[PDB]
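As structure tokens, the structure follows; a few thoughts come after it.
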Amino acid sequence: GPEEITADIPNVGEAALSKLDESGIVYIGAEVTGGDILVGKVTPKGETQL
Amino acid sequence: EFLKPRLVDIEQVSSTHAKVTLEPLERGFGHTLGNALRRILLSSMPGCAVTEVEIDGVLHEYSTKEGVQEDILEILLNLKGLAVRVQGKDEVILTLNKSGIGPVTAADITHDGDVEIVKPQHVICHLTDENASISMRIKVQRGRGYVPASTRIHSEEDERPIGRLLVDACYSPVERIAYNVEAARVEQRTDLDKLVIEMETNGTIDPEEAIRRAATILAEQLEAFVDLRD
Amino acid sequence: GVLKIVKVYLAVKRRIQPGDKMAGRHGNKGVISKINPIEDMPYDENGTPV
């Protein structure tokens, strides 16, 4: 399956999704620091067997 | 059996220059009060300077407004050297609106009672187009020392806007303080010294007020020795 | 194979600090060892520190 650039991310706190708009990319001018999010991207994964 | 010095005349050579003299010093105390005063004034005088600017239609520092002839990276480096003294409050929020061709000097800031600009011929930017328009909202604070934008970020507390261009703030109303002790002369005393503190502020702080706030920073600190608590 | 790329820039503004490596023109390197205060620096007859 194909990856997405959706702005929804599994189990991420809203403190991280503050800068990036609903489209997924970060804003223009938002002062970021270490470990922040710049582009929301999620990849399809099955085959758990936990 | 000691002597204690008294404040004497304050020759005011210019607006940013000054010379204050401390007349009746006992021998051996010239270099003791001087270097203990030059080392305080250059370090910890409270002042006021810009803290964060905000322009109308620009998002970050490395942009370039249309109509002006400087990058925004230079409009902040010109505001940082803006001298201003506020009397009543602790912090202000200035304003600046101008349109038309001609250099935008600092004297075009909106006039408030307490806020009192000192260098009204200061250049800030240029305007070079008849339909140009620049409107910012400068900020001002009190403090001392020097606190860069990076270390003042730790107390950001969710700085929601993305148009808050942050400037580094170096509050200090002194730039160089030379002093030289010379042979004072009371009517009859073998050896008495005279201190002459040739100061140089940025037009902000009163000279006689600086020394009366540099002495109480010393005299307040020696208490920990006068009462050796153990 | 690639579906869509996203390139993002950051404009970091690094200051000076201990560890940097200044040097003149005549081959005299040196690593900055300390940043004194304004008043520990040796001042000449008219207060101008070096």
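Amide H neighbours of B:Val50 under 5 Å, at least 5 residues apart or on other chains, H built in the peptide plane: list them.
Excluding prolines and chain starts, which carry no amide H, the hits are B:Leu82.
What distance in nm lies between label points placed 7 Å from Cα along the C-beta direction at B:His60 and C:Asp20?
Taking the simple label geometry, B:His60 and C:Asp20 are separated by 2.2 nm.
Report relative contact order for chain B in percent, whole number only (criteria: Cα-Cα under 8 Å, sequence separation at least 6).
Answer for chain B is 29 percent.
Modelled label-to-label distance, B:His154 and B:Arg189, 7 Å Cα→beta-carbon offset: nm?
Roughly 4.8 nm, to one decimal.
Would you tally the net charge around B:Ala169, using a Cβ to Cβ cut-off of less than 13 Å, leaving B:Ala169 out, and scoring K and R as +1, D and E as -1?
Result for the local shell: +2.
Out of residues 5 or more away from B:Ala184 or on other chains, whose amide H comes under 5 Å of its own, with H placed 1.01 Å from N in the peptide plane?
The list, which skips near neighbours in sequence, is B:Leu192, B:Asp193, B:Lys194.
Under DSSP H, which helices of chain B have Cα atoms covering 20 Å or more of the helix axis and a Kyte-Doolittle average no less than -0.5?
Those that pass (Cα extent of 20 Å or more, hydropathy at least -0.5) are B:30-44.
Which of the listed residues, B:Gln188, B:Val226, B:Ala214, is farthest toward the dipole's positive end in region B:174-230, when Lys, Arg count +1 and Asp, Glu count -1 at the beta-carbon?
Going by the Cα projections, it comes out as B:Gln188.
In nm, give the distance between the simple-model label positions of B:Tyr146 and B:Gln221, each being 7 Å from the Cα along the Cα-to-Cβ direction.
Distance between the two pseudo-spin positions: 1.8 nm.
For chain C, what's the relative contact order in percent, using C-alpha pairs closer than 8 Å and at least 6 residues apart?
Relative contact order here is 22 percent.
Counting only C-alpha contacts under 8 Å and six or more residues apart, can you give the relative contact order of region B:92-166 as a whole percent?
It comes to 36 percent, rounded to a whole number.
Tell me the mean residue ellipticity at 222 nm calculated for chain B from its helices only (DSSP H runs of n ≥ 4, each -39500 (n - 2.57), averaged over every residue, nearest 500).
Estimated from H runs of four or more residues: -5000 deg cm²/dmol.
FRET efficiency for A:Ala30 and B:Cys170, Cβ-Cβ distance as r, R0 = 35 Å, nearest 0.05?
E between A:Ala30 and B:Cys170, to the nearest 0.05, is 0.85.
Values in this text are rule-based calculations from the coordinates and carry no lab data. Note that each Cβ is placed from the backbone with ideal geometry, even for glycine, and that neighbours are counted across all protein chains shown.
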